[PDB]
């Protein structure tokens, strides 16, 4: 269903899609020049800049889930460090 919604957003669109909040992709023009349209899309890519919150803004998922995944990665690291510290004498907290 995630793939389905992304296909509903990226493909279905008329004259203005706004894949990301900053960029708008206009549908082909009446001049019907393919070199001109290539240059047009290259320019629409050159003008835009990837925001800092790109993983939460360009991807429709929110920022809370970003913080959660970061927390998860940190928890993995800390747990592995503690388990390594107990297997070779380095943890007074666990000690009894």
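Here, each number is a calculation from the coordinates, and none is a lab measurement.
Helix 63-86 against the longest principal axis of the chain: what's the angle in degrees, Cα atoms only, rounded to the nearest 10?
Tilt of helix 63-86: around 30 degrees.
Taking the chain as a Gaussian network, Cα atoms linked when under 10 Å apart, which of 35, 50, 64 shows the biggest mean-square fluctuation?
35
For the chain, with a Gaussian network of springs between Cα atoms less than 10 Å apart, report the residue from 70, 34, 82 with the top mean-square fluctuation.
The residue with the greatest mean-square fluctuation here is 82.
Shape of the chain from its Cα gyration tensor (a ≥ b ≥ c, root eigenvalues): rounded if a/c is under 1.5, otherwise prolate when a/b > b/c, or oblate?
Prolate is the answer for the chain, as a/c is 1.5 or above and a/b outweighs b/c.
To the nearest 10 degrees, how steep is helix 34-47 against the longest Cα principal axis of the chain, on a 0 to 90 scale?
40 degrees
In a GNM of the chain with a 10 Å cut-off on Cα contacts, which of 67, 55, 17 has the highest mean-square fluctuation?
Between 67, 55, 17, it is 67 that shows the largest mean-square fluctuation.
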